[PDB]
K.L.:
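Got a structure for you, questions after.
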Amino acid sequence: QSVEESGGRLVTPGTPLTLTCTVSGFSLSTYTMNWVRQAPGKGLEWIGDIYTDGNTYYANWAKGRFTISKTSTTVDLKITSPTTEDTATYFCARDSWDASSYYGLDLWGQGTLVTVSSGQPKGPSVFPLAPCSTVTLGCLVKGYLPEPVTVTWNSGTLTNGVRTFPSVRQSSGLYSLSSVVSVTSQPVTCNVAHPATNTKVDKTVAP
Amino acid sequence: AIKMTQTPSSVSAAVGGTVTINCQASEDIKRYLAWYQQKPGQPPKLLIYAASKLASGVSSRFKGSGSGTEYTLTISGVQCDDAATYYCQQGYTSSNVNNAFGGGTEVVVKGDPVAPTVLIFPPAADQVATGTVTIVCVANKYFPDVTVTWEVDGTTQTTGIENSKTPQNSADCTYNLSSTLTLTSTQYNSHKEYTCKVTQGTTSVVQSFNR
């Protein structure tokens with residue numbers, strides 16, 4: 001059985017956004033479904049649920065700000081009027097109960113990222129990091145929105161000694177991160193992909 | 001409204017030791033309570049349901065207890081692979097809920113100490129040309145925590161600095177850290193020697209370059 005979320009994207013404040021959770025291998029006449037979000041770096045926040053019989057409940061803060069509904073194989077979460085406080089990964093998760101023993105949220109999706117901003121999506125700028133024998137080279141990737149980017153070295157063939165650091169939101173509201181690789185000695189190239197703007201950039205780092 | 005109060009916000013334990021996490025409900029939730037573990041990048045994983053029952057495949061090193069309004073998760077024989085954030089969650093009601101999950105508890109596991117390997121990278125010419133530069137300093141593979149001090153011709157820098165630290169490594173408990181110093185190209189050209197100083201305990205490691 002499995003759960004999978006979709007629909008997260010960068011959206012301007014006030015623009016209604018619907019997320020979808022598609023379920024496989026179990027019935028929603030047996031399991032209750034829950035939406036839970038988590039802002040970058042923060043704790044889990046339960047938004048609401050929809051029981052097998054169709055009753056929907058929302059956290060007190062969420063009432064009037066979200067609507068949950070379902071078919072036989074999907075659950076939707078509509079965010080009525082997004083604000084920048086709504087930026088988070090949104091998870092769908094199923095739970096159930098027996099006689100007295102609550103069974104917990106045992107199955108979760110990988111989550112879908114909602115980014116709420118007045119800014120346009122923007123691809124990364126990539127700058128080479130070099131010293132000034134084996135050597136550590138790197139790439140600093142700056143100025144992108146929304147998250148994430150992926151960074152690989154030589155198309156994934158250099159994996160040993162790679163350290164990529166968590167991204168940091170800048171005061172501009174854009175993101176940056178860095179990646180470094182330890183190599184011996186021929187060209188060493190960082191490949192930075194930003195699917196949100198349909199872009200990839202390769203930078204060959206010169207010792 | 002139903003409120004869950006989880007304490008402490010952070011706890012540390014030596015490898016092999018024991019960690020205890022408490023959860024207080026604002027009313028009697030009758031053991032309709034679960035515990036989860038979560039590591040960055042992943043959804044949470046159910047550990048304990050019905051307050052004290054182990055979820056399928058979960059290790060008996062995790063132990064849930066309590067009743068009424070007071071619950072506890074204990075982790076025995078703590079290992080680096082346990083470094084994570086832990087959450088309690090009430091499944092008693094969906095009505096009049098302020099928060100269903102506790103605030104979470106970060107568990108820091110103290111494994112074998114390791115001194116940081118430090119590197120500094122001057123901004124590339126293509127950075128300077130944009131009007132703003134970012135100098136990068138990294139401290140790789142270390143435990144326990146370090147402090148970074150930036151110095152520009154010997155003057156301690158107090159602004160323009162951002163630090164980004166990885167989660168603990170699941171196998172060996174270590175961190176990696178990147179620290180950046182961001183200045184205007186003019187500000188950058190206004191000076192000669194740039195220094196990253198990384199301190200662990202009382203032992204310091206210094207890397208510098210001359211612009």
Side-chain angles (χ1 to χ4, degrees), chain A residues 32 34 36 38 41-46 48-49 51 55-62 89 91 93 95-98 100-111 125-132 136-138 140 142 161 163-168 170 176-180 182 203 205-206, chain B residues 1 6 29-36 38 40 42-51 53 55-56 85 87 89-104 117 119-124 126-127 130 134 136 138 140-141 162-167 176-178 180 182 209:
Chain A
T32 294
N34 294 261
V36 178
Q38 178 167 48
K42 307 303 295 319
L44 299 165
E45 182 171 38
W46 177 74
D49 58 15
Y51 279 77
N55 281 332
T56 60
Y57 296 87
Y58 305 91
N60 289 338
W61 66 266
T89 296
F91 295 103
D95 56 4
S96 51
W97 284 264
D98 219 273
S100 49
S101 72
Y102 170 64
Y103 278 128
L105 296 165
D106 67 336
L107 191 62
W108 294 65
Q110 294 302 301
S125 298
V126 181
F127 304 99
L129 299 173
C132 296
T136 295
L137 300 174
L140 163 60
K142 291 204 345 163
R163 288 174 166 83
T164 303
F165 297 89
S167 70
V168 169
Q170 303 309 116
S176 77
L177 61 71
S178 58
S179 186
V180 300
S182 177
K203 187 86 182 168
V205 182
Chain B
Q6 183 184 339
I29 62 173
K30 308 256 83 160
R31 295 174 157 155
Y32 286 78
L33 179 108
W35 290 97
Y36 300 86
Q38 186 186 29
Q42 304 175 16
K45 165 191 226 305
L46 176 63
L47 300 170
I48 297 289
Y49 68 93
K53 306 297 184 54
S56 167
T85 303
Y87 296 88
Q89 180 232 348
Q90 68 85 15
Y92 162 77
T93 186
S94 300
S95 186
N96 195 24
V97 173
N98 188 91
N99 65 294
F101 291 95
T117 296
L119 297 164
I120 190 166
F121 300 95
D126 66 350
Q127 268 207 86
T130 71
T134 301
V136 177
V138 300
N140 287 332
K141 190 177 166 178
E162 302 168 9
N163 290 317
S164 177
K165 192 170 73 185
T166 62
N176 307 304
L177 172 76
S178 70
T180 64
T182 296
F209 69 87

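Computation of the quantities below employed the complete heavy-atom set of this structure, encompassing side-chain atoms and omitting hydrogens, waters and symmetry-equivalent molecules. Naming convention: chains lettered A, B, ... in sequence-line order (proteins, then strands); numbering from 1 in each chain.
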K.L.:
How far apart are the closest heavy atoms of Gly43(A) and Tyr87(B), and which atoms are they?
P.N.:
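For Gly43(A) and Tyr87(B), the tightest heavy-atom pair comes out as CA-OH, 3.5 Å.
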K.L.:
Can you say whether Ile48(B) sits under 4.5 Å from chain A via the side chain, the backbone, both, or neither, judging by heavy atoms?
P.N.:
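Interface part for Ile48(B): neither.
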K.L.:
What is the distance from atom CG of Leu119(B) to atom CG of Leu137(A), rounded to the nearest 0.5 Å?
P.N.:
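It is 10.5 Å, given to the nearest 0.5 Å.
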K.L.:
Is it the side chain or the backbone of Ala130(A) that comes within 4.5 Å of chain B heavy atoms, both, or neither?
P.N.:
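Contact with chain B: backbone only.
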K.L.:
For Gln127(B) and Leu140(A), run side-chain contact (heavy atoms from CB on, under 4.5 Å): C-alpha distance rounded to whole Å, both residues' side-chain angles, the deciding distance at 0.1 Å, then the answer.
P.N.:
CA-CA 10 Å; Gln127(B) 268 207 86; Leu140(A) 163 60; 3.9 Å; yes
K.L.:
Checking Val205(A) against chain B: side chain, backbone, both or neither under 4.5 Å from a heavy atom?
P.N.:
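Contact with chain B: none, neither part.
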K.L.:
Name the member of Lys165(B), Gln38(B), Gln42(B), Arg31(B) that forms the most heavy-atom pairs with chain A at distances under 4.5 Å.
P.N.:
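Of the candidates given, the most pairs with chain A belong to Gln38(B).
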K.L.:
Counting only heavy atoms closer than 4.5 Å, note whether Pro40(B) contacts chain A via side chain, backbone, both or neither.
P.N.:
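Neither; nothing under 4.5 Å.
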K.L.:
Between chain A and each of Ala50(B), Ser95(B), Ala34(B), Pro123(B), count heavy-atom pairs under 4.5 Å; write down the option with the most.
P.N.:
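So the answer, after comparing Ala50(B), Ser95(B), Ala34(B), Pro123(B), is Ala50(B).
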K.L.:
On a heavy-atom basis, which atom in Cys132(A) and which in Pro122(B) lie closest, and how many Å separate them?
P.N.:
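Smallest heavy-atom distance, with atoms named: C-CG, 3.5 Å.
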K.L.:
Considering only heavy atoms, which portion of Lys42(A) lies under 4.5 Å from any heavy atom of chain B: side chain, backbone, both, or neither?
P.N.:
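Backbone only.
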K.L.:
Can you list everything that forms a salt bridge (charged side-chain N to carboxylate O under 4.0 Å, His left out) with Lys141(B)? Sequence neighbours excluded, please.
P.N.:
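Expected list: none.
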K.L.:
Using non-hydrogen atoms only, which part of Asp106(A) is less than 4.5 Å away from chain B: side chain, backbone, both, or neither?
P.N.:
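For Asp106(A), heavy atoms of backbone and side chain both lie under 4.5 Å from chain B.
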K.L.:
Rounded at 0.5 Å granularity, tell me how far CD in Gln170(A) sits from OG1 in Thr182(B).
P.N.:
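One finds 6.5 Å between CD of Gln170(A) and OG1 of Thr182(B).
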K.L.:
Looking at every non-hydrogen atom in both residues, tell me the closest pair between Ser94(B) and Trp46(A) and how far apart they are.
P.N.:
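It is O-CH2, 3.5 Å.
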K.L.:
Let me confirm one number: the CG-OH distance from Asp98(A) to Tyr49(B), rounded to the nearest 0.5 Å.
P.N.:
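Result: 9.0 Å between the selected atoms.
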K.L.:
Taking side chain as everything from C-beta outward and backbone as N, CA, C, O, which of these in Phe91(A) sits under 4.5 Å from a heavy atom of chain B? Side chain, backbone, both or neither.
P.N.:
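Side chain only.
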K.L.:
With sequence neighbours excluded, what pairs up with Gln6(B) under the side-chain hydrogen bond (donor to acceptor under 3.5 Å, both in side chains) test?
P.N.:
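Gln6(B): side-chain hydrogen bond (donor to acceptor under 3.5 Å, both in side chains) contacts with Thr105(B).
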K.L.:
Sub-3.5 Å donor-acceptor pair from the side chain of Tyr36(B) to the main-chain atoms of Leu105(A), do we have one?
P.N.:
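Checked: pair present.
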K.L.:
Chain A: which of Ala51(B), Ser164(B), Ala100(B), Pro167(B) shares the most heavy-atom pairs with it under 4.5 Å?
P.N.:
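Highest number of heavy-atom pairs under 4.5 Å: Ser164(B).
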K.L.:
Restricting to non-hydrogen atoms, name the atom on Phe165(A) and the atom on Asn140(B) that form the minimum distance, rounded to 0.1 Å.
P.N.:
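Heavy atoms of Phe165(A) and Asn140(B) come nearest at CZ-OD1, 3.6 Å.
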K.L.:
Quick one: pull up CG in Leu129(A) and OG in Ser178(B) and give me the separation to the nearest 0.5 Å.
P.N.:
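Spacing of CG (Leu129(A)) from OG (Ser178(B)) equals 10.0 Å.
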K.L.:
Which region of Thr164(A), side chain (C-beta onward) or backbone (N, CA, C, O), has a non-hydrogen atom less than 4.5 Å from a non-hydrogen atom of chain B, or is it both or neither?
P.N.:
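Contact with chain B: backbone only.
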K.L.:
Which atoms of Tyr32(B) come close to chain A, meaning under 4.5 Å heavy atom to heavy atom: side chain ones, backbone ones, both, or neither?
P.N.:
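Both backbone and side chain of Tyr32(B) come within 4.5 Å of chain A.
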K.L.:
By a 4.5 Å heavy-atom criterion (distance strictly below it), what part of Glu162(B) contacts chain A: side chain, backbone, both, or neither?
P.N.:
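Only the side chain of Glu162(B) comes within 4.5 Å of chain A.
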K.L.:
Determine whether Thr130(B) and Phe127(A) make a side-chain contact, defined as any pair of heavy atoms from C-beta on separated by less than 4.5 Å.
P.N.:
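Yes - at least one pair of side-chain heavy atoms lies under 4.5 Å apart.
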K.L.:
Search all heavy atoms of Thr136(A) against all heavy atoms of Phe121(B) and return the closest pair with its distance.
P.N.:
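Looking at all heavy atoms of both residues, the closest pair is O-CE2, 3.5 Å.
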K.L.:
Within this structure, what is the OG1-CD distance for the pair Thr85(B) and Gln38(A), rounded to the nearest 0.5 Å?
P.N.:
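Between atom OG1 of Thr85(B) and atom CD of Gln38(A) there are 8.0 Å.
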K.L.:
To the nearest 0.5 Å, tell me how far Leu46(B) CG sits from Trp108(A) CH2.
P.N.:
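Taking CG in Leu46(B) and CH2 in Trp108(A), the distance rounds to 9.5 Å.
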K.L.:
So what's closer than 4.5 Å to chain A heavy atoms on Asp126(B): side chain, backbone, both or neither?
P.N.:
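Both backbone and side chain.
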